[PDB]
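This report refers to the structure that appears directly beneath it.
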Amino acid sequence: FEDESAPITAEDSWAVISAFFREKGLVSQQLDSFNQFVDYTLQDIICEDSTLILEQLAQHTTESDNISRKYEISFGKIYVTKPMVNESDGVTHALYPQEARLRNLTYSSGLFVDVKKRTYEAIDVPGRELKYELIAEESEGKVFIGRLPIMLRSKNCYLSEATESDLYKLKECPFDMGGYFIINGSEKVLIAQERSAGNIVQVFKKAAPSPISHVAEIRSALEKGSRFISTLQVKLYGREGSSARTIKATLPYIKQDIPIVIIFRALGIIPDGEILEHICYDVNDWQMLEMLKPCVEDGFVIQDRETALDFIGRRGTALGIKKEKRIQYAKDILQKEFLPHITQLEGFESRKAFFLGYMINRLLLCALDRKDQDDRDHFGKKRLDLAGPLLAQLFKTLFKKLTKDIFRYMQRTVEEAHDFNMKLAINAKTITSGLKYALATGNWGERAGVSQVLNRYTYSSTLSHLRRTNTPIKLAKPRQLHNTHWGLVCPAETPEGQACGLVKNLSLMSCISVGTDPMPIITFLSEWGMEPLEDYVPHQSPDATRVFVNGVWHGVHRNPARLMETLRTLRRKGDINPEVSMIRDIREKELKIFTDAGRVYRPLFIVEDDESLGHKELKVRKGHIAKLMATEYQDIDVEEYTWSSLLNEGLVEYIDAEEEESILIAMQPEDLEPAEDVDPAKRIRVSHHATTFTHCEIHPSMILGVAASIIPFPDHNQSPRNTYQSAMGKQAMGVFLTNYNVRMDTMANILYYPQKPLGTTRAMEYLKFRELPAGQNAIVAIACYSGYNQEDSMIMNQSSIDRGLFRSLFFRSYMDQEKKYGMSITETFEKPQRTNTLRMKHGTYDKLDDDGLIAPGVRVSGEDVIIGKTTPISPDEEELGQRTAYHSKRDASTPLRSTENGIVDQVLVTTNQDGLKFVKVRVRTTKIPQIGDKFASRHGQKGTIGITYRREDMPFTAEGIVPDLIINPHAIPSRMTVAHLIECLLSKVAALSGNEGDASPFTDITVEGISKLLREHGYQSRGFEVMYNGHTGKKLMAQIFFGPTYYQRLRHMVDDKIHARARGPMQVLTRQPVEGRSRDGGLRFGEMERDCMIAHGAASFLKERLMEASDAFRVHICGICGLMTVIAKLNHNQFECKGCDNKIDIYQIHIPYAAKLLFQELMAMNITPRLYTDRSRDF
Amino acid sequence: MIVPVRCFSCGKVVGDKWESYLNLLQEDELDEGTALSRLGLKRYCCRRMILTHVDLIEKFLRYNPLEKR
Amino acid sequence: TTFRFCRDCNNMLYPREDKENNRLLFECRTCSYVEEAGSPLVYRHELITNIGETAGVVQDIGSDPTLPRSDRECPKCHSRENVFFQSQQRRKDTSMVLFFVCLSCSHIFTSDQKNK
DNA sequence: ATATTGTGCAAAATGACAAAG
RNA sequence: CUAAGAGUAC
DNA sequence: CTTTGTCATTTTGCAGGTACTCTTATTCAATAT
Ligand SMILES: [Zn+2]
Ligand SMILES: [Zn+2]
Ligand SMILES: [Zn+2]
Ligand SMILES: [Zn+2]
């Protein structure tokens, strides 16, 4: 406050958090990854390779034409425009997302590339080296190669710079956060795909039966190259008791596990001592030397680099190399396939030998029991591929396809001497269709579910979907919540199904790095004293720290403390990109630096000595908080102070799981920084008795995700209840966007009267939950009132329902196009007439007017036609009794859903990309809560309505207050949802006093204080109230827990689930009832239902279920051959089995049609299931 | 969306107190509890009816009318 | 075991029997370099290994903020402050005895009792 | 201008292979 | 209509 | 000389039950009649 350098309090950190969410937003990672892809990755993809050279040799039979031509095509800079749409008439205009959504277009922008076509000629003189020269035809000329879909709010989108008023003008909700694509009018979101990081050596113990005990492997990969995965493995043969423990490496394109010493000698290290120095860095570590002796004894037979290269080449799986060139072949394999991530050039054999020695050293350390096998679940060893890298690799493949097509076309046209045209060379449809297919359907190629339809049921649902990570599914246990997941993914938010643990959600303050070029950091290291790896001799520098950058051992340092200090200083002042992570392992004497993309990190406060106060203190003080407050208030004149200002001045730091291994974090500043009668109501906390902190948590409540941040008092609940609420709040019904009235979504649900919670958390005002609430504050009583709320049922107040509690709007949109079956076979929107139309639906067409669309305002019920469409067919056909040449049109109308009804809200007519007219009809109805609808508190206390009582029948307090809901007491004890009770108490206090209850998790708010405040208001301190029975007016012997509570209306309503079927449509193949209530299907009578009926012993009922209720088919067989090959003319009363030549040995049997189909499929597969009606053997 | 006409629990008419409530909060700089008491909302059912309302209709009013006369 | 290497071609040296003097003699297997054996020991195998428990001790081990501190007596400085950690030998049957490094003198002392 | 064709158990089974007469 | 995929309820 | 039991590979078939909703896509392109 008054003092500028005073230490901050736990209340101040929220200002910091606000600044963060001002600069970043909720979907910062999506936009950042896409912007990185568009700004830099496209150009790298284009420039890599993509120089098609075609050397048309002279092929000179006579020397008169001894000229060799060389046609090359190169690609220059790439230009990406603003999103625009073509048209049927050819006019091209700017496309805005709330036109792409309505017209089923693709929010995509064209890509152009500067193509330079060079041609060289040389004089084809045999023996003389060819010299190529230009012909001065240096033609260059941007060409359209396809369209890149643009994610909304990205740097290339129209909405990136839009203000709130502009967003309102463009029919865009200002609360919409972007981070998604519009493909064919559908919002598609890319789920972050989790994978294991590359260029990291991992050592694993193998199972007992296998002859190899330990395996050290690296999944080498290079970002700036072909991006190919080569897995090197170093394996230790022999169990612990075995004597011949020899280490063998598995080189790519090699059929055998070459001994390591042979590789070392091949790279150029002949002496045994030098190899052992490369592997073992300590002379005193004689155990490792003893374990390593078998390898050199194995490779004693080779004592020359050329000999070892020949040995490897002999094992070469190519088997297309002559004896003398095997050496070169081996060299090539060691240069371009062995450890690609280090280098693809030559002259770095020493580096690769050092890296191999390092891997062997790690393997031997694991085998010597000096270190545990690497944890596969450590989150620092994982990476998340966001939209950026996914589109990067997809576009790399697709552009490689396109350039291969270009080269093939050029070769074909030069061979056939035809003219060359760029427009006929480039097929933009390749890139466009590839990207559109990959984004429209989840399958990411030519994996699945990589792109998903964005969830728009509720605002929090969309926020959670936009921060979702999926792990494709070894001997690990990925489903467990790891220790390293702290502060990076939500501890409690995951599906309960098969995906439990595999599908994760980001923490509120967690971000994914987009990747930076490591060259500046390498230059810094070289300048600051990093000894190059080439002239590194371990004996003269035993206690040297190995420096790794992106998994590439670049050298060693002799004073790592100073190097780490200066690197930290550089990163804290912004010279190094803050996303760069730097870890120093003192015990292993290693220094790792990671700058690649996909690393997940969170921000933390920095703590330094602060000699003025004589003890550790946060770098942030009250002055910075004051400046942040001033900037925030100005936004709602002084110098702007943003989160980036905190980052640049070294106030906050970005830490990932790997760096988090080497730091100590204080949970809260006010209690853990200062050196050391207590309230019994407060929870017990430990001071940790340690003062060497390096960082402080900005706020512990930030470990939760978007969905978990809505829970009030999540630390007073059983964790599975938190997980249930996290899963169930996405099904909460609220207001998903403020512009729902201009969007033609397939389904939309809206509350009439959303209410912000009485008990609210501090983190939910960054999630806009108070602006777009998804529930209501219902007056809840916990009572065994009538027994109709047992087993999770609830009693809802009918009078509250009558007055608008939990009422809802529901919108459904039906889309329909007219398609060109031929050049002049256009479909037509119209009102079909029974006189000249076929297969007109049994519903009423009377509500359509003459354009084939109902007009908004008309009430529609189930099976009524809302879109009238007809398709032309070939005339002059007579059948069916009433089919004539007049019936040239077949009905293609769209009826309303069979069960649904409502008012046609709106209808929208437009044209598609092809120029054909199409329509969208949105119908509106009202969902009023009733018996069977599902409601849930914010603590996993789900339940359906058992019954509804009017106000006069509900219990009432002395003030006449009656509950909106009554829930059973028995739901409380077993589930241990204490937070539910605490939130009810806090809500009662807040409603009485007019404040808002602060239900944040890790605050010092106790039930004692809430009870005292409630007592001051004149009520019983524990929330109990004397209630009276509604029926008789007598006092209830027991006092009732009573108060407001926030409840969500869930999407599961009984009217969308009730379904019955006497008889209906049958499946065409099996003649069994169809599947699904949308098709009037039948219920599955599964195997174990049959087993239960068997156990009951009711045979006739089982037969009736399987035959009369599903499919009973009468078939004819003959007594000679049990096959169904009997021709039966029932009207003529003639039965005959050809082959057997009989006409009186026939029987009829009633068998399931599926059984007849099975027997026919057996016969078609050359098996005779002969059926016989009498016994030939005794039992 | 817009202030409810009646309190859900008891049925007291609170749809005519939204503008007065906002006026009390803004012009008179009263805290929420005193304003609610001044308007006559004594039972906490009515108090939560008016205190927790979110007036989304304002946002809806920012978009240009679809059918403008 | 204290292995040694040839000083001619930097290759391993192996034990050899001698007849004239009946003595152990280390010889090279490729260039025939010969010398005397310092000790008669030629092979060691540790079923129960005691080394490696204090591995990774460096002069700047105190700069690690993750390592816990203690005020226990240093029996070379009598200083209070020091860092401590459990045995680094990751065998599942190792004892939980603690090791301490004085941040002033860098003397490693254990909390064991039978050894003392 | 359009039709036609370029995954982790874990039991079972099986094969290779040092010892035995 | 068929197929594939995704999300979800108990 | 052929067993003979014996390990180390190869197959190889499986992997809860119901139920709901939505979305996309049905071989691309070159050639010849
Ligand atoms: Zn027959
Ligand atoms: Zn009321
Ligand atoms: Zn030698
Ligand atoms: Zn000491």
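Every chain is numbered from 1 and lettered A, B, ... according to where its sequence line falls, protein lines coming before strand lines.
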Distance-only side-chain donor-acceptor flag, [X] / [Y], under 3.5 Å:
X: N104(A); Y: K920(A); answer: yes
X: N505(A); Y: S464(A); answer: no
X: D792(A); Y: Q941(A); answer: no
X: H970(A); Y: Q790(A); answer: no
X: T462(A); Y: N455(A); answer: no

Q: Using a heavy-atom cut-off of under 4.0 Å over every strand shown, decide if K934(A) touches base, sugar-phosphate, or nothing.
A: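 Answer is sugar-phosphate: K934(A) comes under 4.0 Å of backbone atoms only.
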Q. For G497(A), which contact category applies under a 4.0 Å heavy-atom criterion: base, sugar-phosphate, or nothing?
A. nothing
Sugar pucker assignment (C1'-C2'-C3'-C4' positive north, negative south) for [N]:
N: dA30(F); answer: south
N: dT5(D); answer: south
N: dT26(F); answer: north
N: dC20(F); answer: north
N: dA15(F); answer: north

If the [atom1] atom of [N] is compared with that of [M], how far apart are they to the nearest Å?
N: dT27(F); M: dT4(D); atom1: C1'; answer: 12 Å
N: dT23(F); M: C1(E); atom1: P; answer: 16 Å
N: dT7(D); M: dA25(F); atom1: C1'; answer: 29 Å
N: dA29(F); M: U2(E); atom1: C1'; answer: 26 Å

Using whole Å, report how far [atom1] of [X] lies from [atom2] of [N].
X: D1080(A); N: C1(E); atom1: CG; atom2: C1'; answer: 17 Å
X: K819(A); N: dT26(F); atom1: NZ; atom2: P; answer: 16 Å
X: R376(A); N: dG8(D); atom1: CZ; atom2: P; answer: 10 Å
X: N184(A); N: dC22(F); atom1: CG; atom2: P; answer: 18 Å
X: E496(A); N: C10(E); atom1: CD; atom2: P; answer: 7 Å
X: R1051(A); N: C10(E); atom1: CZ; atom2: P; answer: 13 Å
X: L439(A); N: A6(E); atom1: CG; atom2: P; answer: 16 Å
X: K429(A); N: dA29(F); atom1: NZ; atom2: P; answer: 9 Å

Among [options], the one nearest [X] by side-chain distance:
X: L475(A); options: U8(E), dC9(D), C1(E); answer: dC9(D)
X: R1077(A); options: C1(E), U8(E), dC20(F); answer: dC20(F)
X: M823(A); options: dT21(F), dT2(D), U8(E); answer: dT2(D)

Q.
Any strand counts, and the cut-off is 3.5 Å on both contacts for Watson-Crick or G-U wobble. Which nucleotide pairs with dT26(F)?
A.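 Across any shown strand, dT26(F) pairs with none.
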Q) Going by the ring pair (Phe, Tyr, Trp, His ring centres under 6.0 Å) test, which pairs reach into residues 416-457 of chain A, not counting sequence neighbours? A)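 Pairs touching residues 416-457 of chain A that pass the test: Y409(A)-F420(A).
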Partner set under salt bridge (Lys or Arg N to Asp or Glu O under 4.0 Å) for [X], not counting sequence neighbours:
X: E493(A); answer: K730(A)
X: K382(A); answer: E194(A)
X: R468(A); answer: none
X: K819(A); answer: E827(A)

Between the protein and nucleotides 16-18 of chain F, which nitrogen or oxygen pairs come in under 3.5 angstrom?
| from | atom 1 | to | atom 2 | distance (Å) |
| --- | --- | --- | --- | --- |
| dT18(F) | OP1 | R1084(A) | NE | 3.2 |

Counting only side-chain nitrogens and oxygens, does [X] get under 4.0 Å of the OP1 or OP2 atom of [N]?
X: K436(A); N: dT24(F); value: no
X: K188(A); N: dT23(F); value: no
X: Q731(A); N: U8(E); value: no
X: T441(A); N: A4(E); value: no
X: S186(A); N: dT24(F); value: yes
X: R408(A); N: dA29(F); value: no

Q) Of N427(A) and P209(A), whose closest DNA chain F nucleotide lies nearer the 5' terminus? A)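 It is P209(A) whose nearest nucleotide is closer to the 5' end.
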Taking only distance into account, with no hydrogens and no angle test, what donor-acceptor pairs under 3.5 Å do side-chain atoms of residues 1079-1096 of chain A form with protein atoms, sequence neighbours excluded?
| from | atom 1 | to | atom 2 | distance (Å) |
| --- | --- | --- | --- | --- |
| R1079(A) | NE | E1075(A) | O | 2.9 |
| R1079(A) | NH2 | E1075(A) | O | 2.9 |
| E1089(A) | OE1 | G1086(A) | N | 3.2 |

**Q.** Selection: residues 444-474 of chain A, any non-hydrogen atom under 4.0 Å of DNA chain D
**A.**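 The answer is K474(A).
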Q: Would you list the pairs meeting salt bridge (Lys or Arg N to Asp or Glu O under 4.0 Å) in which at least one residue belongs to residues 889-902 of chain A, sequence neighbours left out?
A: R812(A)-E900(A), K841(A)-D891(A)
